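Visitor: Here is my input; please provide its structure:
(chains A and B, ligands or ions: 6)
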Number of protein chains: 2
Amino acid sequence: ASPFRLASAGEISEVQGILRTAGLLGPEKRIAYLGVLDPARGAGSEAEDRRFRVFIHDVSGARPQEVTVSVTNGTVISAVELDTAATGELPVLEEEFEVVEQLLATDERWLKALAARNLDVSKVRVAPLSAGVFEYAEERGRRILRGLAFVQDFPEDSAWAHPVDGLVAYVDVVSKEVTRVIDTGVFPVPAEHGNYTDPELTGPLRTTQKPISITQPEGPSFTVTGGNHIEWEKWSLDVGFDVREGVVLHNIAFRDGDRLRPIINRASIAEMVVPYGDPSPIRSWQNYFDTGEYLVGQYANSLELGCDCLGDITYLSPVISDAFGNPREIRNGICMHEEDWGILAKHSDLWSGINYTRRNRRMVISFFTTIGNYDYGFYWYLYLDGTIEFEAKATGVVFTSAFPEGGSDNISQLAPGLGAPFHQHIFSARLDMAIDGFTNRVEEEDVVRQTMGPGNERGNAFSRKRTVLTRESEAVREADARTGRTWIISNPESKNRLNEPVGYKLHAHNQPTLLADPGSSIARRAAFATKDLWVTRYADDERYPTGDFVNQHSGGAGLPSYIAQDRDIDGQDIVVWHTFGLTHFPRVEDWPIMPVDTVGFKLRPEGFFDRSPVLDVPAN
Amino acid sequence: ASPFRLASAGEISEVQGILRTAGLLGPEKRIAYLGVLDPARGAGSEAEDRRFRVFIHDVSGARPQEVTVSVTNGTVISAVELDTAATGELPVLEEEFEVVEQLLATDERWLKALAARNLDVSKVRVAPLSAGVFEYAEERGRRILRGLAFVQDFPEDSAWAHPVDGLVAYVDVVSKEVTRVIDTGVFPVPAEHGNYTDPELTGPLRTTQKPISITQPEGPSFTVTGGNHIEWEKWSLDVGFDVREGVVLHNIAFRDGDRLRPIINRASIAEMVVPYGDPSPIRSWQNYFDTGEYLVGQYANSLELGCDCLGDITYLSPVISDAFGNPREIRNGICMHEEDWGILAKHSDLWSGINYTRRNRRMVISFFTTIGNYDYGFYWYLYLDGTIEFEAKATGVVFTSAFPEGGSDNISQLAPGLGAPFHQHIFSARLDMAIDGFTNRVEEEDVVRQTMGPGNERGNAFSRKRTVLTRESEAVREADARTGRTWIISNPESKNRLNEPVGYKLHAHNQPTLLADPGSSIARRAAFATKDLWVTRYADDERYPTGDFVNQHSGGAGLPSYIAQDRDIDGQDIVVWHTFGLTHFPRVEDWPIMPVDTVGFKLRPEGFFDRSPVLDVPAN
Ligand SMILES: [Cu+2]
Ligand SMILES: [Cu+2]
Ligand code: NA
Ligand code: NA
Ligand code: NA
Ligand code: NA
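Guide: Residues are numbered from 1 along each chain as shown, chains lettered A, B, ... in the order given. Ligands and ions are numbered 1, 2, ... in the order given. Pasting the structure now:
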């Protein structure tokens, strides 16, 4: 009955039938995106209407459409034709990936390049990558993918070990034309294999690891009701899933005595960009928007008990649409479990004689996605003490190139002749805040150093200052780790028992933001990634920091255009957008498969409660 | 047989007998520090000599002594009288703590101050705190403690909830004189209790937490031999314990095929300082050097199975000396166990069809200490992939004051009338490096942004630069999170298979360093805390960043005097000293007992191995 429930197979089948009957889903049409729309603000009238947003692509060259459908009423609400040279192309379709390799295999220029290198076309895999927007005027309004080649010596070989450098092709996937083949010269194809399950490479497996058994003899402490509503240790939330964003958390609230207190209305990773820093023309166009261009949710893994998720695991299996509108279940795509998290609080008091120890735990909600060579885990954590944390885990196989004779300033060497270009992995968390309700404000908090002198005669004092961000034009902020800079989201109309506004503090990891030149194409298309924090006024249609149609969009969409409205954000319904990422200079230890590296952020209560919220935790 | 074995009770009893027979341990003497000396460089002659360093205090006013004893030979090696006005006082003795409250209870000025506040002297607890060096000329060469008062309403009451502000006393603990009593005015004593085990405050305990059972049915994967030598998943190390530093890690090495490769010769937390930022004269002198002044190892907790350490736990029970030279065992003072640590590496490959997942784990070595109101956990972690990490966990009860009517820029309000002064908790990790041997160097690595232009026509390139630190005078470095600054410790004479020097990268958390004015007493005495990284040339007697005798030392000892030697550190036996800490603006949620907060650092391999070192991990 909850309006935040997961999309059902029946809902998706109804959408398919509504689109078909309306004449919108002929044999030339493909669904490039389908997802449920969140309830509009002020849905306290019970008039629930399950609506779906659909992007429809046309493989014959006709204009695509954006369509909104009401499943409850069985009607098309709106249908708009899209001019993609203006507003951007639709996300990449899974079926277009195979098109690239097939088209190149019959192109005379591609075959000549492979022949010069003595490569059998049947062994050459082509990575189909998003195109971006660069200098090629003929690409405007066309759906382009770019292809880079890798050799697979046999069907189970890791092709990533054998990049074919000096060669790139561009393909129009609608007209099925190879537009350009660029060959800048022959590089040796690195010969060592990268097969991390081959005993020749692994050696004998260790026999020294004894099992660790994690069990819950009475079952888990959380409950799941209505399919996706979770209650755990005073937390309450709904777990959503969207094919673009992946796991989305709704209605995060904390039961403080008799009051259910809201904290975050909607939390998601709303974009992620992987820009490459190699100036070679073979790769200088390479930038993945995994969320906006590829849709990370549709490549979610099925997670295996004991391997991917260990302990007493509760799974959700979200349903998405395939390209024809058929429901597709991602079996065991979301893992939920609680974990012990060490000591929560401890004190041994000499004067009172009381020894006190309590243990901490966290609730984990996670999924994993695979896009080409990279695999990313998305982890949300809720802690007993009111802390909320996000962690991204990056693994998989690094993207490779040749390593040039005489070295490189922009590529690491991993093996003889094998390089890995420098790159970043940058995320945008969209936090639709609701600290004790929707009237919120953001303050920037810096440490303040004080000079020795009158009122500070021993030169020991230090302080802090808070600056309220009052309008969107002043709410684009940078990190400053040296001054301990954090941001506080507070509710000025809800006070704790000391008459201070209740709040939560955002702690960033203070990693570098986008490194590209500010005049570059990627800086324009991923403007969100150039700054650590943005605050906007909530609006229904401002969903993604990069805009709705990221693929081959010329730039400036999303956050830079939103904040030009210069809206009041001082005690209003606001959204925090936090940029955070990893800068990856690959090391030898990342090859042939990369150990996990992590980045994230957390929010901790700041006078939200009237005292510690974990005094009622028992001594187990 | 190992020279790095823990001190035994028999060794400490022999030291006592040697000191007594030599006439050095009469009834007026107290042992303020006793610890084993590490083997000198080049102990490959098997001529092992177990030597102990002892600081001997004299309660009658005679000069203290530093003494070195050989247990194996039964001899006093050296004994030097100390001029404490020059070189610093000895660490605080546990028995001097009680002296402060007892002396004040009979002092006319103290009793008048308590009478004005209608406080029963029998209910007033006095926190005995280190004195530092300030403006009082009569304190030079005397052992001073300063006392702050708290009311205990009944024997099990938390006195920290009831600070007596406006009042401080200074006590000479050798002559047993109260030198000064300062009363700046009457503040109301905050009346609310802070008793976190009282049902009136906790409410009914939760019944919702179901058990998490962590067991190892075949026992742990590590082995312990010779009392303190650990082998675990290719790691090899010795776990030491010193009464000043606590847990010390020796001889950290990694078994890479047939080679045992050294990484770190000695790792320890060699100082920790807690400076307070309240300019009130009642507290503006307040700075704890928990390691150097109090000795954190002697206040180590006995850790309880199931509460402090959960899982299959192996304990060590280190032995220390009491003030009379009797051995004292800290039962279950060190916990060791392995923990599951999520996904280690994962990839699902479209082209090869191979799905691959491996799990990570870490080895944990930890102890907890309690000094007055604060409790600190020290955690060392070893990971399968070669990562070494340290984490400090801070909990306990925050130090309190009155909250002034009309507010404060330097104190948080926690409860009606109850304040908590701003402060920091700053640690110094001393890392005696041995990356593949003792010839090491440090490079500072910054990200390099590049301008769009020739050779970078699309403005996407970025790079990095490394600067070798060649002499001690250039090896005092600051963090720069915006440029992704890290430090690499490498061995220029040991190369990986790509002919690059092997190395490890230090990743800092980039938290603020010491905030006090640089002209302050604390900035002079804790100079190490003003900079993030120091590199020195190894020397036997350069053990602590603050010098040997920190208590009431006037300043400048330790690292600033060491680096004035300006020694060669480019491919030499070097020591890295890393400053890291927490800046604590107390929140309401920290009261009445503080949930754990953490800070730390980690080191990751950087071309140390020829490929990923965890290819031989099995699929469990
Ligand atoms: Cu990467
Ligand atoms: Cu603190
Ligand atoms: Na456009
Ligand atoms: Na909001
Ligand atoms: Na002196
Ligand atoms: Na060294």
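
Visitor: who in chain A is up against ligand 4?
Guide: A:432-433, A:538, A:573 (CB under 5 Å from the ion). Any C-beta I mention is one placed from the backbone N, CA and C, and that applies to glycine too.

Visitor: Give me the nearest residue to residue A:266, chain neighbours excluded.
Guide: residue A:432 (4.1 Å; CB to CB, 6 or more residues apart in numbering or on different chains).

Visitor: I'd guess the one you found is in a strand, am I close?
Guide: Yes: the assignment for residue A:432 is a strand, going by DSSP: H, G, I helix; E, B strand; the rest coil.

Visitor: Redo the residues of chain A next to ligand 4 as JSON lines? Include neighbour count.
Guide: Compiled in JSON lines, those are given as follows (neighbours: other CB atoms under 10 Å in any protein chain shown):
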{"residue": "A:432", "neighbour count": "19"}
{"residue": "A:433", "neighbour count": "26"}
{"residue": "A:538", "neighbour count": "19"}
{"residue": "A:573", "neighbour count": "17"}
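
Visitor: quick one on the thing from earlier: report the beta-bridge partners for the residue nearest to residue A:266.
Guide: For residue A:432, the beta-bridge partners under DSSP bridges are residue A:266, residue A:575.

Visitor: Isn't it up against residue A:539?
Guide: No: the criterion here is CB atoms under 8 Å, and residue A:432 misses it with residue A:539 at 10.6 Å.

Visitor: The closest residue to residue A:610 other than its chain neighbours: which element?
Guide: Distances taken as CB to CB, 6+ apart put residue A:497 closest to residue A:610, at 4.4 Å, once the chain neighbours are dropped. Using DSSP states H and E, residue A:497 falls within no helix or strand.

Visitor: What distance do you get for residue A:497 to residue A:437?
Guide: Counting by CB to CB, to the nearest Å, the separation of residue A:497 from residue A:437 is 18 Å.

Visitor: Residue A:502 too?
Guide: To residue A:437, residue A:502 is 10 Å away according to CB to CB.

Visitor: got it, and residue A:143?
Guide: For residue A:143, the distance to residue A:437 (CB to CB) stands at 44 Å.

Visitor: Would you mind telling me which of these two has more residues around it?
Guide: residue A:143 (23 against 14; other CB atoms under 10 Å in any protein chain shown).

Visitor: what's residue A:619 in contact with, if anything?
Guide: Contact analysis of residue A:619 by CB atoms under 8 Å, 6 or more residues apart in numbering or on different chains lists A:357-358, B:307.

Visitor: follow-up on the earlier one: nearest to ligand 6 among the residues of chain A next to ligand 4?
Guide: Ranked by distance to ligand 6 (CB to the ion), those are led by residue A:433 at 49.2 Å.

Visitor: give the contact list for that closest one.
Guide: By CB under 8 Å, 6+ apart, the residues touching residue A:433 are A:263-265, A:440, A:489, A:574-576.

Visitor: ok, now with 6 Å
Guide: A:440, A:489, A:574, A:576 (CB atoms under 6 Å, 6 or more residues apart in numbering or on different chains).

Visitor: Do me a favour and get the backbone dihedrals for the closest residue to residue A:203 other than its chain neighbours.
Guide: Closest residue to residue A:203 in three dimensions, ignoring its sequence neighbours and counting by CB to CB, 6+ apart: residue B:616, at 5.2 Å. With angles defined as degrees, to the nearest 10, residue B:616 sits at phi -100, psi 10.

Visitor: Hmm, residue A:208 and residue B:616 touching each other?
Guide: No: when contacts are counted by CB atoms under 6 Å, residue B:616 is not listed as touching residue A:208 (10.0 Å).

Visitor: ok, which stretches of chain A are helices?
Guide: Ranges of helices in chain A, per DSSP state H, are A:9-21, A:84-87, A:94-104, A:108-116, A:199-202, A:521-525, A:559-563.

Visitor: is chain B contacted by the third one?
Guide: It stands for helix A:94-104. No: Helix A:94-104 is not in contact with chain B by CB under 6 Å from any CB of the partner chain; minimum separation 8.5 Å.

Visitor: Give the buried residues for that helix.
Guide: A:96-97, A:99-101, A:103-104 (16 or more other CB atoms under 10 Å in any protein chain shown).

Visitor: ok, now which ones touch the spatially most central residue of chain A?
Guide: Residue closest to the average C-alpha location in chain A (CA atoms, centre = their mean): residue A:269, at 4.2 Å. Residue A:269 is in contact with A:427, A:429, counting by CB under 6 Å, 6+ apart.

Visitor: distance of it from residue B:383?
Guide: Taking CB to CB, one finds residue A:269 at 26 Å from residue B:383.

Visitor: Walk me through the domains of chain A.
Guide: Using curated CATH domains, the domain parsing of chain A gives A:1-87, A:94-195, A:196-619.

Visitor: which of these is buried the deepest?
Guide: Greatest average neighbour count among those goes to domain A:196-619 (a mean of 20), per mean count of other CB atoms under 10 Å in any protein chain shown.

Visitor: For residue A:195, give me its contacts.
Guide: Residues in contact with residue A:195 (CB under 6 Å, 6+ apart) are residue A:158.

Visitor: Would you list the phi and psi of it?
Guide: Dihedral angles (degrees, to the nearest 10) for residue A:195: phi -90, psi 100.

Visitor: Tell me the spacing between it and residue B:349.
Guide: 10 Å.

Visitor: Show me where the stretch 201-350 of chain A has its strands.
Guide: Applying DSSP state E, counting those that start in this stretch to the stretch 201-350 of chain A gives strands spanning A:213-215, A:223-225, A:229-232, A:235-242, A:246-256, A:259-275, A:287-289, A:314-316, A:319-321, A:327-329, A:334-348.

Visitor: quick check: angle from the last one to strand B:334-348?
Guide: Computed with axes from the mean of the first three to the mean of the last three CA atoms, to 10 degrees, the direction of strand A:334-348 lies at 160 degrees from that of strand B:334-348.

Visitor: now strand A:334-348: how far from the chain's centre is it?
Guide: 25 Å (CA atoms, centre = their mean, to the nearest Å).

Visitor: Likewise for the fourth one?
Guide: Centroid separation for strand A:235-242 versus its chain: 16 Å, with CA atoms, centre = their mean.

Visitor: Mind putting the helices of chain A into TSV with distance to residue B:465?
Guide: As requested, those are exported to TSV (distance: least, CB to CB, whole Å):
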stretch	distance to residue B:465
helix A:9-21	53
helix A:84-87	41
helix A:94-104	37
helix A:108-116	36
helix A:199-202	33
helix A:521-525	22
helix A:559-563	31
